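Q: Quick one: the structure is below, and I'll ask about it shortly.
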Amino acid sequence: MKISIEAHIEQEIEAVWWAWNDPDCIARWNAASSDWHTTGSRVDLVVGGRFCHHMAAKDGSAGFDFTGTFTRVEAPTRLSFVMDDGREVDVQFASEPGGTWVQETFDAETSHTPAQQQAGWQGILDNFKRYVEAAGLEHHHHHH
C-alpha cells in the first residue's frame, strides 16, 4: 500500500534534485526535528547503489540512521529507492510553470500507523522544501 504526498517548490528541478541528492545538503535537512541533524549521508546515487543518512541529536544523547538501496535513478525527474524498513519510496521531481512538483510516494510500513508515517514524511519533505527556500538556490535572477 502506497501513500502519496506532494510539494510545489518554486525553484528549478536542478536546484531541487541537487539539494535532495547532495550529502552535504542532506546533512542540514532529512532529520525533520530541529533537535536532530543529519551528521552524515553516504549516498551512492546509482541504480542498485546504497544510501545511509546518519542523524545525530544536538546533545548526542541519541542517534538514528536511514539505510537502504536505490532501486532506480532517473535524474533529475525521479528517484526510486527502498528503505531498511521495507518502505518502497518513490520521489517524483516534475517540472511545472510554478517550480517543481515533488510528489513523494512511499510504501506504508506494516509496523507503524500509515497516517503518522505520512506526517513524518511530510515533516521531512517540508524540512527539505524549507531547506531549498532557506539556502535559496535561486537560479532565477533579474538580469540587468
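Letters A, B, ... go to the chains of the C-alpha cells in the order shown; residues in each chain start at 1; ligands are counted from 1 in the same order.
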So which residues of region 86-137 of chain A fall under strand (DSSP E or B) by DSSP, listed as number ranges by chain?

A: A: 88-96, 99-107

Q: Using the selection just defined, write its residues with C-alpha atoms as a CSV table (one decimal), in the first residue's frame.

A:
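Written out: result_30.csv:
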chain,number,residue,atom,x,y,z
A,88,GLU,CA,9.4,1.3,-1.3
A,89,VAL,CA,9.9,5.1,-1.6
A,90,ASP,CA,9.4,6.9,-5.0
A,91,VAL,CA,10.1,10.7,-5.2
A,92,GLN,CA,9.0,12.3,-8.4
A,93,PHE,CA,10.5,15.7,-9.4
A,94,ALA,CA,8.1,17.2,-12.1
A,95,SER,CA,8.8,20.4,-14.0
A,96,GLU,CA,5.9,22.9,-13.8
A,99,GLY,CA,8.5,25.5,-10.0
A,100,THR,CA,8.9,21.8,-9.2
A,101,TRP,CA,6.1,19.4,-8.3
A,102,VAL,CA,7.9,17.0,-5.9
A,103,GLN,CA,5.4,14.1,-5.5
A,104,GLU,CA,6.7,11.7,-2.9
A,105,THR,CA,5.0,8.2,-2.8
A,106,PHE,CA,6.2,5.7,-0.1
A,107,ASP,CA,5.0,2.2,0.9

Q: List the spatial neighbours of region 114-118 of chain A as a list in words - criterion: any atom at most 8 Å away, only C-alpha atoms, same-chain residues fewer than 5 positions off excluded.

A: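 Contacts, with the query itself left out: residues 3, 5, 108 and 109 of chain A.
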
Q: Keeping only N, CA, C and O atoms, write the selected residues as a JSON list (two decimals), in the first residue's frame.

A:
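File produced: again39.json:
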[["chain", "number", "residue", "atom", "x", "y", "z"],
["A", 3, "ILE", "N", 1.30, 5.49, 0.08],
["A", 3, "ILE", "CA", 0.76, 6.81, 0.44],
["A", 3, "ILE", "C", 1.53, 7.87, -0.35],
["A", 3, "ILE", "O", 2.77, 7.90, -0.32],
["A", 5, "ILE", "N", 2.21, 11.87, -1.11],
["A", 5, "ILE", "CA", 2.21, 13.29, -0.73],
["A", 5, "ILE", "C", 2.92, 14.10, -1.83],
["A", 5, "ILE", "O", 3.48, 13.53, -2.77],
["A", 108, "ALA", "N", 3.70, 2.11, 2.90],
["A", 108, "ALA", "CA", 3.42, 2.24, 4.32],
["A", 108, "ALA", "C", 3.96, 1.02, 5.08],
["A", 108, "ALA", "O", 3.67, -0.11, 4.73],
["A", 109, "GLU", "N", 4.77, 1.29, 6.10],
["A", 109, "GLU", "CA", 5.38, 0.26, 6.93],
["A", 109, "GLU", "C", 4.29, -0.38, 7.82],
["A", 109, "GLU", "O", 3.61, 0.32, 8.57]]

Q: Quick one: of A:84, A:133, A:35, A:74, who's nearest to residue 19 (chain A), counting only C-alpha atoms?

A: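 Closest to residue 19 (chain A) of all the choices is A:133.
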
Q: In region 14-64 of chain A, what's alpha helix (DSSP H) per DSSP? Answer as number ranges by chain?

A: A: 14-21, 23-26

Q: Would you work out the distance separating CA of residue 37 (chain A) from CA of residue 127 (chain A), expressed in Å to one decimal?

A: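 Pair CA of residue 37 (chain A) / CA of residue 127 (chain A) returns 11.0 Å.
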